[PDB]
Structure formats: C-alpha cells, structure tokens
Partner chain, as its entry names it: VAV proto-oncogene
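Let's start with one chain on its own, the form solved without the partner chain, as structure tokens.
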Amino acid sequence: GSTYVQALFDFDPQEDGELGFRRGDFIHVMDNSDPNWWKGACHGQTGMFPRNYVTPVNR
C-alpha cells in the first residue's frame, strides 16, 4: 500500500534496535504502534522512531 513519510529531521538512535535516518529519509511506516512513536523501516533496518520526526508524503 502506502505508509511512507519524509524524515522531518535527523533521528539518531537512542534505543537498542531503534531506527536511524536523516531528514528527507523516507521512513517506511510498517506498523503505527504508538501515537508519537511508530515502527518502520529505512536503512535496510527496522525499528521505532518518533512519529513527529517524519511527515506524510501522500497528502
């Protein structure tokens, strides 16, 4: 389907397994878990990332 976003800012991991990307990086929202936090995938690696650190592309 379509669950991508565009990294609003740079997110450096801060958890064991977390996600790590850089502004404009399209996160792949694989499973909206939490309101301000979600599960996704980008640099060939999945993990969690603040949902407010990204922005929808299909809108």
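Positions refer to the first chain, counted from 1.
As for the form deposited with the partner chain bound, it is not shown, yet the points below apply to it.
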### Message
Please determine whether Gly24 contacts the partner chain in the entry with it bound, using a 4.5 Å cut-off between heavy atoms.
### Response
yes
### Message
My question is simply whether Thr55 lines the interface with the partner chain in the entry with it bound - judged by any non-hydrogen atom within 4.5 Å.
### Response
yes
### Task
May I ask you to check whether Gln6 falls inside a 4.5 Å heavy atom distance of the partner chain in the entry with it bound?
yes
